[PDB]
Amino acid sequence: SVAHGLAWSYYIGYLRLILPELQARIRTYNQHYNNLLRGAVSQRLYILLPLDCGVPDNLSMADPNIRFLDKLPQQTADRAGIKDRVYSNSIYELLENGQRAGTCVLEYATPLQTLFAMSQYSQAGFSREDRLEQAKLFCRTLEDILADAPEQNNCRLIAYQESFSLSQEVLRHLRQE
């Protein structure tokens, strides 16, 4: 299925490559680049999974209580003929009552953008019903993979359907640690 390929590619070409190196990048940030006076960046990669596949490129567009703070040091690797391909991730603060309530590495699962665009291009032969069905199946397959992935406590999938506060959704997952 469409979702089966996208979930395996998200693992093979991304999570399995960056998750083993993420803990070290966060520590390096927390000790060398973070503000001396502010809270540490939390430890896991938080992955947003809107089942409606609405993926703005700016998180502050989805919720103004999610605001960009800084970048981790980037990770590079030679990949499929590209020397020093760059993997970069962004740190966000999460506001509650106008005060910072959390700091974490946060991003949307980019394959949901593919599902959305496929539902929009007639040549893809892919309906909005297909989109919802495959979005769900993508999340479930990714869950399946990560349950047995040796690359373990390194990320958190935040699946949701849409008075909805995305920042409150992330905070609920954050505060479970």
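Note that residue numbering follows the sequence shown and begins at 1.
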| query | finding |
| --- | --- |
| Length class of the unmodelled deposited segment, which would lie between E151 and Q152 | 1 to 3 |
| Per the entry, higher mean C-alpha B factor between 19 to 27 and 163 to 171 | 163 to 171 |
| Greater mean Cα temperature factor according to the PDB record, 33 to 41 or 126 to 134 | 33 to 41 |
| Peak C-alpha temperature factor (PDB record), options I91, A80, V86, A101 | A101 |
| Among modelled residues of the same chain, the CA temperature factor third for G54 | middle |
| B-factor third for the C-alpha atom of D63 within its chain | highest |
| Record-listed C-alpha B factor of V105: chain third | middle |
| CA B-factor ranking of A147, expressed as a third of its chain | highest |
